[PDB]
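The data below hold one chain only, encoded as structure tokens and taken in the form deposited in one PDB entry.
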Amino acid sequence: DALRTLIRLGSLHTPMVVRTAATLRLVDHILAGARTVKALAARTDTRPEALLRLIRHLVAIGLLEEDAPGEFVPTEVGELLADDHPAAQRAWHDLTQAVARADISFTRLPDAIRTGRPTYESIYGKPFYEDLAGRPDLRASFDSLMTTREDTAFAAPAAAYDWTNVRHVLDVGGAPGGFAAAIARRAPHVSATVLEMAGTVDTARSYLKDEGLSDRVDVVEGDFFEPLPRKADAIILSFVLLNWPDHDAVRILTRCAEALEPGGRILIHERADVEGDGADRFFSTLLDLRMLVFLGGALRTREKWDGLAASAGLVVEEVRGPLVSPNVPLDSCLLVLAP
């Protein structure tokens, strides 16, 4: 009972079985004809006796079901492992792609709790970003995973802010540019600038080009720690401050405050857990612990945000309620920061 619950919680074979099914494109090969284990083994280049033992666990956890003897089809949850599903969960669990490869850092979590520093380098030889720049195949798969989420996740944050009295918007860490794209559709009178670093600056140009927004959202390069090149009535920090330590985040916040036009606002799009609420913490701590072992960053509660804001001459005006997006598991918040 309690012995069963503890063993299930500390089991490594179940999450590795799921990641193996995704890496082998198992669900894809089933939908495309391969019904028997003999055909599934041939298409995945695996030994049939071993694949059946993996399927046996996949059946026991509800990702596959036996429909007629020997024929295995995916369940409704197992259908998410199809490569063309909108949630892209197969790519997120592919051990050859960036995120699931990086999740191996969790096998050294005791070191991360001892030091507070990431363990990615201790497994792959280089830190997270240096390894991406040296493996273009991995940098591409990471850029892809970010773009699949950015194409839909910003309609709700865009709707949670009034843009009538806004002239220009600067998105620091503009990423692919999905947020700036969502602001353009919501408020066509606003001009947007995506400010990115030397690396991601060109993944933003190509994304807004393919959206038909090249003439509507400018993309400039820059460094977040130097003075900002332009002023804006609204500066956006969407999932950027969680990558930097505390002493570097107040600098980015200070530069934003400095470049903030009169009456403007700084918008922080991230999590802001409150100790009292009964909100789901599963996805939040997943992201938080990922930040620890990947880069050393961290999430921040609403109380810590007040400390960061006050240190940048800013004040947290208001946290706009839970932002829900169709295929985005983690609900987010919008923080409004005034001087």
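What we label the rigid core is the largest C-alpha set whose atoms superpose within 1.5 Å from one form to the other. Numbers for residues come from their place in the sequence shown, where the first is 1.
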Review point. Averaging C-alpha B-factors over each stretch, which comes out higher, 105-113 or 141-149?
Key: 141-149
Revision key, fill the gap. Per the PDB entry, mean CA B-factor is higher for 315-323 or 20-28, namely for 315-323
Review point. Quick one: which of 157, 118, 264, 173 has the biggest Cα B-factor according to the entry?
Key: 264
Point to revise | From 127, 78, 245, 177, residue of greatest CA B-factor | key: 245
Study note, to complete from the structure: In terms of its chain's C-alpha B-factors, the third that includes residue 35 is the highest
Exercise for review: Report the third (lowest, middle or highest) to which the CA temperature factor of residue 163 belongs, ranking only the modelled residues of the same chain.
Suggested key: highest
Review point. Residue 276: which third of its chain by C-alpha temperature factor?
Key: highest
Check your understanding: What third of its chain's C-alpha B-factors does residue 89 belong to: lowest, middle or highest?
Key -> lowest
Review point. Among the modelled residues of its chain, does the C-alpha B-factor of residue 65 lie in the lowest, middle or highest third?
Key: highest
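Form deposited in another entry: not shown, discussed below.
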Practice item. Report the residue, chosen from 230, 186, 216, 101, for which the CA moves 2 Å or more between this form and the one not shown after the rigid core is overlaid. Key: 230
Exercise for review: Taking the rigid core as the superposition reference, indicate whether the CA of residue 257 shifts 2 angstroms or more between this form and the one not shown.
Suggested key: yes
Check your understanding: Core-aligned, does residue 201 move its Cα 2 Å or more between this form and the one not shown?
Key -> yes
